[PDB]
Amino acid sequence: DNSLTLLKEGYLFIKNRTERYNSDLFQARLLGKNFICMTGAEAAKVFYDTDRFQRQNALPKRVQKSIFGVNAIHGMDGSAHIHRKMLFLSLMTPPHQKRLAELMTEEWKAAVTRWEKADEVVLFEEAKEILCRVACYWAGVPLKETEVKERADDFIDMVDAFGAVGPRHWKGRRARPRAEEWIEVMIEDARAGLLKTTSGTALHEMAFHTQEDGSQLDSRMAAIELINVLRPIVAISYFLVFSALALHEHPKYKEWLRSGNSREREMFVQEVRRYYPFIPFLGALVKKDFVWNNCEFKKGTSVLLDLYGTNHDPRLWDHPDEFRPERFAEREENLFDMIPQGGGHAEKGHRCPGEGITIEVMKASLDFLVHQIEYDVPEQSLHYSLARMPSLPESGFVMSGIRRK
Ligand code: HEM
Ligand SMILES: CCCCCC/C=C\CCCCCCCC(=O)O
Ligand SMILES: [Mg+2]
């Protein structure tokens, strides 16, 4: 069993071995199970074949009890999964992406009034609070100013736990029942009409969603699925910090952004998502015996798809370990070569329905940093680990001398 080695190597565990064995797949004992680990765009296509792969019983209990919730969308298959996935997709269309991006812009502009007076700020901490306030407001979830930071911390504790052991994992295990109880009473109040809800917002649509047989979700399950909207919006915090890091470490792109418009901002944001680590891999179970790439996949075998390694595959990407947003000028759009938030079709599998929200929030936040304020980046540890999952520049990205531009 290689699980401790996986903990040691993190994002590079699969890529180190696919390179060493000169193969796009290898066998390994991980998580107590027999696994095949695979990488590359062709492997991602096979992974998203839902006749060959299922997610039920692929999600380790420890992941359900920390980041995702028990028996939630991530572990569902078949028409029941697709049914629930349409609920998430309806909440993440461009009107929602635009609304969230606009709320973020308003928050960043409002933040300058305090940042200019305090001089020094930790971007990760500011982002967490703003995103939590914006996510709850857009969703219709009441949120008191005195609890913004606690709820944001609970959301991040769940994200930060998914690849951890020891105290960091325990933080996520403790935060999940707090968040679920908090949101569940909201669901219950909404269903009794004791909390005002609005058609087309996340609280309303999760509270009143009906399944294929016409029954509502259990209030706890509706709460879990609403957290599966609120938590990943706060998780955009990680990408916002990596975006600011890339700006600092590749300063030639700042004037490139200042001169240009949303096209350059979008190429920059896509390169942040491709280049920096966030989700290392995905798990599934072989649904039926099949053969691919001269390997027999036996029913019941667990499988890991390498997100990070595919995103740095030199067969797909020129100089894959350099940050070069211009690579997305005149590049073909494809569902399997660029998979930091999954691959394939979100309507037909488990691909992230939040990609558009992620991208527009990142673009709005990049615009703020480039056009709205000036700032310095003082001496600090900007190192981010490829072993620690998820990963973040250690300091959280400290900014100082902040001035209204
Ligand atoms: C912040 C950066 C984000 C990253 C790195 C990310 C990444 C991912 C990945 C890798 C998956 C699983 C894909 C698969 O299993 O095939 C996923 C699923 C999901 N994401 Fe995201 N995501 C992010 C943001 C968001 C946002 C902002 C939302 C909602 C507003 C969201 C909602 C979801 C949901 C509901 C699923 C489960 C979909 C399903 O099982 O069918 N995510 N995400
Ligand atoms: C058997 C190994 C399973 C894979 C372990 C990690 C699983 C999924 C990674 C997270 C997917 C969604 C992340 C978006 C952010 C969030 O939901 O908080
Ligand atoms: Mg229904």
Side-chain angles (χ1 to χ4, degrees), residues 94-128 130-138 145 148-149 152 155-156 232-276 278 323 325 328 354-378 380 382 392-393 395-405:
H96 289 286
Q97 301 162 29
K98 171 158 137 55
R99 182 57 173 163
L100 284 156
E102 287 175 343
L103 291 166
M104 288 299 289
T105 293
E106 179 185 282
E107 283 266 353
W108 292 123
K109 291 184 186 220
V112 179
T113 310
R114 298 190 183 205
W115 290 10
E116 72 191 10
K117 299 190 182 79
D119 211 65
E120 200 170 40
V121 109
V122 184
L123 176 60
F124 186 70
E125 298 302 318
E126 302 293 313
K128 278 166 52 190
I130 286 167
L131 281 159
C132 186
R133 194 162 40 232
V134 164
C136 291
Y137 184 55
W138 158 84
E145 264 302 327
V148 173
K149 288 156 176 267
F155 283 130
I156 292 296
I233 290 174
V234 180
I236 297 170
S237 289
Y238 287 86
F239 270 152
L240 299 184
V241 171
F242 277 121
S243 192
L245 176 69
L247 260 177
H248 173 69
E249 298 202 319
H250 307 282
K252 73 180 184 182
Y253 292 104
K254 189 160 185 172
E255 271 308 306
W256 182 72
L257 261 356
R258 253 173 205 186
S259 302
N261 53 74
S262 55
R263 187 189 94 107
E264 286 72 20
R265 288 198 314 268
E266 177 150 327
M267 298 165 54
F268 192 99
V269 159
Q270 295 286 29
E271 185 67 342
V272 170
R273 291 195 319 131
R274 182 204 68 89
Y275 179 82
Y276 292 102
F278 200 161
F323 181 86
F328 287 104
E355 280 187 303
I357 289 169
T358 303
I359 285 162
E360 292 305 322
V361 167
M362 287 178 69
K363 286 162 62 175
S365 307
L366 181 62
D367 195 55
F368 168 72
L369 297 180
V370 163
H371 291 119
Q372 230 62 42
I373 54 170
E374 299 288 1
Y375 58 90
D376 306 309
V377 183
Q380 65 190 280
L382 291 182
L392 188 78
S395 69
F397 198 80
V398 173
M399 302 155 60
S400 64
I402 299 179
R403 297 184 285 101
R404 184 180 290 294
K405 195 161 147 64

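Residue numbers count from 1 along this sequence. Only this structure's heavy atoms are used, side chains among them; waters, hydrogens and symmetry mates stay out.
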Any salt bridge linking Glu360 with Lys363? Criterion: basic side-chain nitrogen under 4.0 Å from a carboxylate oxygen.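 Yes.
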Considering only NZ, NE, NH1 and NH2 on the basic side and carboxylate oxygens on the acidic side, decide whether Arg133 and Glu145 come within less than 4.0 Å.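 Salt bridge: yes.
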Is the closest side-chain heavy-atom distance between [X] and [Y] below 4.5 Å?
X      : Y      : answer
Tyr375 : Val121 : no
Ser395 : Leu382 : yes
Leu366 : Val272 : no
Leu103 : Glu107 : no
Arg273 : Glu355 : yes
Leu131 : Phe155 : no
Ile402 : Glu374 : no

Is it true that atom [atom1] of [X] has more than 12 heavy atoms of other residues, nucleotides or ligands lying nearer than 6.0 Å?
X      : atom1 : result
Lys254 : NZ    : yes
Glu106 : CD    : no
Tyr137 : OH    : no

Going by the angle between their ring planes, with limits at 30° and 60°, are [X] and [Y] parallel, tilted or perpendicular?
X      : Y      : value
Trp108 : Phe368 : parallel
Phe268 : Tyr253 : perpendicular
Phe397 : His248 : perpendicular

Any donor and acceptor pair, going by atom type alone, linking the side chain of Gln380 with main-chain N or O of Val398 inside 3.5 Å?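 At least one qualifying donor-acceptor pair exists.
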I'd like to know if the side chain of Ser259 and the backbone of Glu255 have a donor-acceptor N/O pair within less than 3.5 Å.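 Judged by distance alone, yes, a pair lies under 3.5 Å.
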What are the two closest non-hydrogen atoms of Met104 and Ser365, and how far apart are they? CE-OG, 4.2 Å
Shortest non-hydrogen contact from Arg265 to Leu257? N-CD1, 3.7 Å
Atom CD in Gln372, atom CZ in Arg404: separation rounded to 0.5 Å? 8.5 Å
